[PDB]
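Have a look at this one.
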Amino acid sequence: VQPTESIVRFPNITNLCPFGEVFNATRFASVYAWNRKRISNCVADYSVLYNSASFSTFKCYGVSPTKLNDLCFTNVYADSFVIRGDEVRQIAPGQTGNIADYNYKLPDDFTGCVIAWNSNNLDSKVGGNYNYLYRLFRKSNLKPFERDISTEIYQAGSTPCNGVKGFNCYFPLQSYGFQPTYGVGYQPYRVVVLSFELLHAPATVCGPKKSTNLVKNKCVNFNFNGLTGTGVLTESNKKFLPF
Amino acid sequence: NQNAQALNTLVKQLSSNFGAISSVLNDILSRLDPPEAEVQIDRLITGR
Amino acid sequence: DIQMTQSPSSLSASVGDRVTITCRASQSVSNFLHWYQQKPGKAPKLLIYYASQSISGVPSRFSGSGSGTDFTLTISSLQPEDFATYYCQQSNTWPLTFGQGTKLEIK
Amino acid sequence: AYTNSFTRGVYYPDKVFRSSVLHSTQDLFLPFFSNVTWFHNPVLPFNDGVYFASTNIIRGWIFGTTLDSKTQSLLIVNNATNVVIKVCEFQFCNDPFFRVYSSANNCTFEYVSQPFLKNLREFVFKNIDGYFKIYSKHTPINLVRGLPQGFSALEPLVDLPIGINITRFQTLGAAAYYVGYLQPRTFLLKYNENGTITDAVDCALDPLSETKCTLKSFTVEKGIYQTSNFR
Amino acid sequence: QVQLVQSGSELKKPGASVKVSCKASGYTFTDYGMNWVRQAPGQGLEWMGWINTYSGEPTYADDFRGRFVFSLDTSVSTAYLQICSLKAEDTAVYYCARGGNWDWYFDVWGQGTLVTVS
Amino acid sequence: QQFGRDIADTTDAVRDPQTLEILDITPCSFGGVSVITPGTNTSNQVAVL
Ligand SMILES: *[C@@H]1O[C@H](CO)[C@@H](O[C@@H]2O[C@H](CO)[C@@H](O[C@@H]3O[C@H](CO)[C@@H](O)[C@H](O)[C@@H]3O)[C@H](O)[C@H]2NC(C)=O)[C@H](O)[C@H]1NC(C)=O
Ligand SMILES: *[C@@H]1O[C@H](CO)[C@@H](O)[C@H](O)[C@H]1NC(C)=O
Ligand SMILES: *[C@@H]1O[C@H](CO)[C@@H](O)[C@H](O)[C@H]1NC(C)=O
């Protein structure tokens, strides 16, 4: 029995998400102190995100960008940082290196987009912008989504300095020094990734699909906030608890 | 018991991943493009 | 895109009193406000940057404070020769959006 | 002081409804018949999750890492029949007993929920991938020397997506409370016809429970069965 | 002395195209950006855009995206705005601002070209 | 010889570096576990094989 009716049952919390707060922001912070913003309980339009041509290293892994509007996700964890112009290959699952291992690590089962633009007018001063920062020397390989905000002095060879910088003692947090005379491998990249999760929580945040009023016991093709299937909707006596 | 248990095993192997990102067909169809999603379907095809 | 309203629009004040005026933003601007004046026929002059700190070289008859979206500044000693329309300036999200202005009037 | 939990510390694994089936899962659970710590209050480690039991003497809870306003720290107070949850940078007292809720600064999250409550209040707190989950029931009891026998699976009430490093907790001629610890062991759960979890077993506790968990039923017959491999 | 000298009062037809000036001296012109603002007489400050002082790309605000062009000339410290195809709603005074890439607090200082349109 | 090789790509004996003294590789003790039970209706007493 083919479905003779397709119904849409997205929730109607019609207030929009603050992607303008996330994307159009003055101060994206550094890769050692990348900012997390929780996006929930709103309608999120990703068509203006994909249709904007300012991005050049988009590369959404696991979810295709055109078919992204019609599912509904549990949570958006908007991470945002500024890196060098050759380290977006480090911002990917599987790849290891300086930015990937010692600054920000993605999960191996990562599902999300790697949205970034190239900003040379904004984040480069003639002379060098010196508080955009990155960590080289660290005695711990980071598990994904970790915070290394500590400014402890690193000891390498034998004797611990423990509070001073000197022989075999390097400070971990060193500046980029972004100048506009640099090439495209040294230009600032403002990388803002959107980590999602499919099945861990209630599905909340998604696109502007217009909901359709429900119909009864004829076999229909339903869309209940991201799960698509064909079947018969019938009244039930199953005591669903509110979680 | 053996026939119903083999039927229950055949039902319960539908929820297996076999290396996929998800085991249900409609979710891996609905958020992926077809020319990248064909091998993603095909792993579940050969496992089932 | 930050729809900033500020209240009250036209308020009266007297000599040597203490008055409190507020500037409100719709979205989160959590610690970024800059405060201006507008005398007629004069370019604006900055007082308070990042909503707490004051600029060097201003007469300190005032202070600024606040957190979240509820921001204010308080005149601790008012003088009649100011009568300036106070302007608030956000610096968190583009575009840089200003306020309408609270015009100070003497009786 | 040490005592034993009987069948407590069970909850709902995946926030999902099941009926008249037996489901096997792998999740952080309190083991059956393990040594749980009884107190009649110093700061205690949270580790991988805590089972809490209590029997208006009992008040709210604090959660944190160092409690010295360097890391975000949870604070729950049930005041004026209106619970307020804050995550701000408080400084804890040396002997906390409004000084506990002092200096609410650098706040990132605040939440207001519905109020709750010879009685037992068993709570489960768990932190998995930055998600702080609170499980709650109220159940009358008639045993003060120890933990009463019986089964009651804990339903989640408010889920917190906070995402901090959690290490420690504390509880604000008195009452008594129980502390249990959670371990990653496999459980088999019996969902009843009306949606409640009537019974469960812990698969790694007993070879009999290994047969119950491998055979996927709570009743095995006489005979021989193979469950796992000893290496 | 740090000041921003601004051109005189323009008065033209609704449809002409003029070019006001903002000439700066005293500070490092390369270090800071070159913000701009308008004054409707019954309203307040309204921003249009920043200009990087090494290349000069004309990025604007989200409202005034159209016919408005900023043209910076390097090494002479001139920061010309060119307004083209003026309308009757552009009866505003256009101050000039020093607004950097990092700081974004103004200390705005301009004499103000009295652009009256009729 | 530096190593001895058993059937189907498993290594049986290796001579050691810095000493050249011959060693045998035997795998560690393994086996399945088994449960003798009279049934949960009768008793919970368990013999383990
Ligand atoms: C972040 O900022 C960008 C930059 O403005 C926003 O993009 C959109 O950009 C276009 C042109 O670049 C603008 O659209 C405008 O639409 C109105 C009505 O259709 C039209 O009359 C104008 O002439 C102009 O074309 C506008 O700046 C903006 N569109 C909006 C805000 O709807 C972008 O939307 C911002 N937000 C995010 C989440 O990226
Ligand atoms: C059946 O559901 C009712 C709900 O009113 C509940 O009170 C009862 O305990 C349930 N039965 C069992 C055996 O759990
Ligand atoms: C358990 O065993 C006794 C005697 O062996 C028998 O009478 C009883 O019916 C059994 N229980 C069940 C549930 O079959």
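Quick note: numbers on chain D are straight from Swiss-Prot, i.e. 27-66, 81-95, 99-140, 157-176, 187-241, 261-319, in order.
Structure determined by electron microscopy, 3.7 Å.
A Cβ is built for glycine as well, from the same backbone N, Cα and C atoms used for every other residue.
From Swiss-Prot, for reference:
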- D:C131-D:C166: disulfide bond (DISULFID)
- D:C291-D:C301: disulfide bond (DISULFID)
- D:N61: N-linked glycosylation site (CARBOHYD)
- D:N122: N-linked glycosylation site (CARBOHYD)
- D:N165: N-linked glycosylation site (CARBOHYD)
- D:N234: N-linked glycosylation site (CARBOHYD)
- D:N282: N-linked glycosylation site (CARBOHYD)
- D:280-301: region 'Putative superantigen' (REGION)
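Please situate the listed features within the shown structure.
DSSP assigns D:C131 (disulfide bond) to coil in the three-state reduction, outside any helix or strand. Applying an 8 A CB threshold to same-chain residues 6+ apart, the list for D:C131 (disulfide bond) reads D:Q115, D:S116, D:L118, D:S162, D:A163, D:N164, D:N165, D:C166, D:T167, D:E169.
In the three-state DSSP reading, D:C291 (disulfide bond) counts as coil.
Secondary structure at D:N61 (N-linked glycosylation site), taken from DSSP and collapsed to helix, strand or coil, is strand. Non-local contacts of D:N61 (N-linked glycosylation site) by the CB criterion (under 8 A, 6+ apart in sequence, same chain) comprise D:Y28, D:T29, D:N30.
In the three-state DSSP reading, D:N122 (N-linked glycosylation site) counts as strand.
Residues within less than 8 Å, Cβ to Cβ, of D:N234 (N-linked glycosylation site) and separated from it by at least 6 positions along the same chain comprise D:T108, D:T114.
A coil conformation is recorded for D:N282 (N-linked glycosylation site) in the three-state DSSP classification, outside any helix or strand. Cβ-based neighbour count (10 Å, all protein chains) for D:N282 (N-linked glycosylation site) stands at 11.
Remote same-chain partners of the region 'Putative superantigen' (D:280-301), defined as residues 6 or more beyond its termini with a Cβ less than 8 Å from a stretch Cβ, comprise 33, 36, 38, 43, 45-46, 50, 55, 57-59, 220, 222, 273-274, 308, 313, 315-316.
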Within 10 angstroms of the C-beta of D:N165 (N-linked glycosylation site), what count of other C-beta atoms is obtained when all protein chains are considered?
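I count 11 other Cβ atoms within 10 Å of it.
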Cα distance, D:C291 (disulfide bond) to D:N282 (N-linked glycosylation site), nearest Å?
25
DSSP three-state call for D:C301 (disulfide bond): helix, strand or coil?
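Its secondary structure by DSSP: helix.
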Can you grab the distance from D:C301 (disulfide bond) over to D:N122 (N-linked glycosylation site)? Cα atoms, rounded to a whole Å.
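It is 45 Å, counting Cα to Cα.
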Rank the disulfide-bonded residues D:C166, D:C291, D:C301 by how many other Cβ atoms lie within 10 Å of each Cβ and give me the one with the fewest.
D:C166
Can you tell me which of these recorded positions sit near ligand 2, meaning the Cβ is under 6 Å from at least one of its atoms: D:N122, D:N165, D:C166, D:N234, D:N282, D:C301?
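D:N282, in sequence order.
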For chain A, give the subset of the recorded positions D:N61, D:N165, D:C166, D:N282, D:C291, D:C301 whose C-beta is less than 8 angstroms from one of that chain's C-beta atoms, in sequence order, otherwise 'none'.
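Filtering D:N61, D:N165, D:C166, D:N282, D:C291, D:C301 for a Cβ under 8 Å from chain A leaves D:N282.
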